Amino acid sequence: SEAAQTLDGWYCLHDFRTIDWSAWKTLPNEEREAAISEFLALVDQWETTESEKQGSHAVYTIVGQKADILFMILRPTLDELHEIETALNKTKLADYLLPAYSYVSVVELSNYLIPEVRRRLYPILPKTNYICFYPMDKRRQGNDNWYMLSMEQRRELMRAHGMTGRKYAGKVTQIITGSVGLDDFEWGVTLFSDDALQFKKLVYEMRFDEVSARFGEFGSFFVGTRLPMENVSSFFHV
Amino acid sequence: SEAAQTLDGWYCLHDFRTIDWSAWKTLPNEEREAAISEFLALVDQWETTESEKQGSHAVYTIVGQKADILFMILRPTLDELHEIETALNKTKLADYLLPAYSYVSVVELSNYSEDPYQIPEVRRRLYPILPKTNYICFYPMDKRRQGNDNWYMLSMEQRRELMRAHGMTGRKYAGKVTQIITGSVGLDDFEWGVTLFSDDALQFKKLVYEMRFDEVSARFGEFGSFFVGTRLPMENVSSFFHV
Amino acid sequence: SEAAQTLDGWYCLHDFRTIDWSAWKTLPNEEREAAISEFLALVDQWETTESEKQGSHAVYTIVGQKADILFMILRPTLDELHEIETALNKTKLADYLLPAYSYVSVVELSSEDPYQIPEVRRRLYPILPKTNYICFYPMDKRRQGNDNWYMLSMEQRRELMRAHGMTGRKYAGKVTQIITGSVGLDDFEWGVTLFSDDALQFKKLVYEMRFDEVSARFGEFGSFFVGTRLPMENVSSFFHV
Amino acid sequence: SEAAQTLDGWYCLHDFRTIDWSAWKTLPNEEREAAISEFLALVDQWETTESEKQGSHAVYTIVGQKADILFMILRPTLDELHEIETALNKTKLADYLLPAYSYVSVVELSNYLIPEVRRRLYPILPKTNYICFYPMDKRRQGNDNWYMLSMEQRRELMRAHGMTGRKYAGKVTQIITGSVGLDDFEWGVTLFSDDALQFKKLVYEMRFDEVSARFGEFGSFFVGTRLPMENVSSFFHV
Amino acid sequence: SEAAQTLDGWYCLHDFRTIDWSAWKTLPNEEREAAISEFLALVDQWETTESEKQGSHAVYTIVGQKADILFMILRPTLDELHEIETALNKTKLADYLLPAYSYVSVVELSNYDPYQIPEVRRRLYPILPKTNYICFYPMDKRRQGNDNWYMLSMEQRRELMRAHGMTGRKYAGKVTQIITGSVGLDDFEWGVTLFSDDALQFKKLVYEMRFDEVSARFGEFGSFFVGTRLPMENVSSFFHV
């Protein structure tokens, strides 16, 4: 069947870490203070890039034990993601930010269904209270094989999906990234909302759309609260 | 098919830890005593929140190696759960409470006119005070989406028929087991959390096994790991951590 | 279909550990001797409980890297399993017994009250055999569109299980099985523990049973652990470095 | 059905490592400098082997947390791979290159569809900006069993695959290695490109070919950026 | 359907380890020399057992990161495997040989007094070949819907295996297989060990066999480990830092 076609924007890194609190507590106070200052100077550089419209980023603390902090970073090139990851890992604070999970993808718009397009391809991440991230595949199993469907069938299934999503306009903003050939699943799904319950409302409602019911295969789900840089010192205080 | 609609209550955290006994034994006695005091002061704050009907909590020791202790916490906001876990992780005792497993969810009632949020029994279930039973059981689950066993493709009517049989089986365990179902689609790795409370641990086995012969569980149930534990009264904490 | 009914006995803990030999070697000799004596005093308490018919236990060393030692403990309450686990972990030796795997279950058998029948009582509250070898694995019964054990009629399940029992009876006097149920208690639906003085019989039985329809069509298996009995009088020798 | 037949070339090792930055930072500067010099002397031996047309290699930094660096090594014998692996692990730098993932395979050409053949069997790895690696199986499940299809059925499916691949001529170079009997999947797929987006475009378009849609079973995907040896010192600077 | 019957020989341990190079480098030279000598003395005991025809062993270095070294050990009893494992873990070298993977099985010949035939005995109690290369992986046979190996008749399974044997005999003189059975003993149903002086033959054979119906329709495979022989006279050089 006819392959879908995409427009592609910025590369995206989701970098999840666990905080080594017991080790952090043993670090002398002035060294913790210097590590927090060093980290915030790094983020200052990211903010400069964002203000110049050459990238975007967001920082969230993650609920539960799967992760404690998320750095979501969008850049025009894969090399810039490698350099930002490397610079972060060389900070003192990163010695206490243990690997938890990561995702490499690229902002994607598809063929199924201008300044407005560019705002989506090169998104400034919203400053919402909450974030949700999970990866997904579309199933290739028996009669539930998305990639064997005709283009017309896939278009109609996506139309129904979009109708459900439009009900959550003004409540949730989604950034879909494509990762076929780049990471372990086929898409990254990032949701932003000021009400975390809307993540549950939207995703559960969509599970009854036929495209999700028959073809969705989901990875792990991460939910978090925004970490304003002015709260970093407080958050890491011990 | 028609999407299920939900009533949603308090946010829920299941926080499971393993105890680092070998490291705890090397900590000087007075530092252990201070760590236990500090932990109990934290829980005292949770008890105040519960007495004010603004949350609930439960603490259980877990049998086997998957975990040693469970803190189950209900709060009106996700932020409050995050603040409680951060405060816990900043205690001295938490340095010896190694991560084992966790679960993030919301208390959920289904739709399987009056506003249900105003109904007394609904409010009692949406914002529950957790029972102080001898035993607890926790596991997560999904409903299957495979071939002709696809729960989410069934009509609303078909799903209601299947759930009526489930409820009939569950009502046989009235007065023996209380369930708290939380929803986690969009929040964690499975679709629901199932927490059972009972004064007789065998009832966990009796209920779940009997329910496995109801078609909804037999045909659509997909289960994660099962955690079973015994209640840890706060007055026993010092004794439990004594070395 | 009609739900199966079960008879339930003692709670069961399978506690598997790996031995941290490299760390154990650095512990001074007299501290190792003290640790062994402390462990043996704990086991002496378990033996007292068994002699009073209020529980049972078995200790086996496990072949391969999945585990090195197994403590199998039966008690009348879940609380006692928690207390025994906690007491073991507070010993010095336990600092060198790293977690490997564990299983929590209840001894299970599938008008007169069966709980008053002598043979039922002997199986629900069993004294564990002191055989040369042990084998443990957990299992589920399949729930798939084509073959779903829990959707079968009671009569279909009974027929499948009669054939199973016919195959097992051929191994009478060669292998003793203790089946525990773990629905609602652990990650699989049953625990299977086999005891025999000839480890080959584990292979003979399980492989033959795999051609019974109940196992071929519905068996879903976890990991298999095989071990050799560790008499307490050999513990010091086993831990000698 | 009729088994496929293969021509086989050099053995291939994909050796993925994570960098232990926190430990590297505690090593004295002159010892870090010596470690980098020792590593570069080892790579100099690899370059000599390649110039003599007795093997090939490539070094890439990997984005995300699955790995930080990839050494891809082609040699005529499995023993030579064992020896290179052992020599690398005996360097000081390797103490800070923690195991992440590895793959053992052999360059393979099939009979589905001379100097040119030898240039494919014994390839000089390209110096492209980016690399992508993942392993795969072909499905044996239900009605989708590749190995029970006839030879002619498989040839037709592969003809369509090749037609899609030729559209990416001059943009992506693939090196397919076979690993049945040698590692956990059936093939290794390595893609080289100066445009990382082409990995996504190619792999995603190929997922709509029937052979990939119905039979592809994929492992983890690793994507990286070339590490010139003249940049190693800078990359490891702390 | 009719259960397969087996002739069974020596028990088999596959013990895979990763080498802790960074820690080994910090051990003083004379202690590394002592550790190597102690290890070689242990292997000398194994060689004595083999020369007396009471067991066999092989040592290979494994390519890639899944493992670095393989000890494959055959003994008449499970107890002896457990004792060899324990004696190895108590050597100094073993402190730098981290667990990677293990497999417990028993040499198996199927029926698809034999124990006195010399040729049967050479297969039940094999002297492991000293080939350049080794390959190991475990496998199951599928039990899924209407592709269920254990539901086939004895005659159906025999015919499928006849075709398998036809493909294998083409690799006579190039590859030697040792099949062990592990139902009831480890996590899969069989262990497959291949020996060859040409590692490519592992790929040629396994890939060609994947188009036989028994492998195509019923084969379920675990991880594959491939290695190069480690002569004892090379151990010192291999561990030299």
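We count from 1, first residue shown onward.
Method reported for this entry: X-ray crystallography, 1.8 Å.
For all residues, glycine too, the Cβ spot is worked out from N, Cα and C.
According to Swiss-Prot, the protein has these features:
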- E:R123, E:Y137, E:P138, E:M139, E:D140, E:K141, E:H164, E:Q177, E:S215: Fe-coproporphyrin III binding site (BINDING)
- E:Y137: active site (ACT_SITE)
Cβ-Cβ neighbours of E:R123 (Fe-coproporphyrin III binding site) (radius 10 Å): 16
The residue listed as 'active site' and E:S215 (Fe-coproporphyrin III binding site), Cα-Cα, nearest whole angstrom: 14
DSSP-derived class (H/G/I helix, E/B strand, else coil) of E:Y137 (active site): strand
Which same-chain residues, if any, lie at least 6 apart from E:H164 (Fe-coproporphyrin III binding site) yet have Cβ under 8 Å of it: E:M209, E:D212, E:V214, E:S215
Intrachain C-beta neighbours of the residue listed as 'active site', sequence separation six or more, cut-off 8 angstroms: E:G191, E:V192, E:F221, E:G222, E:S223, E:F224, E:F225
Least buried by Cβ count (within 10 Å) of the binding-site residues E:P138, E:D140, E:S215: E:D140
Interval bridged by 6 absent residues [Cα of E:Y112 to Cα of E:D113, Å]: 17
Binding residues E:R123, E:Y137, E:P138, E:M139, E:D140, E:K141, E:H164, E:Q177, E:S215 (Fe-coproporphyrin III) - maximum C-alpha distance in whole Å: 23
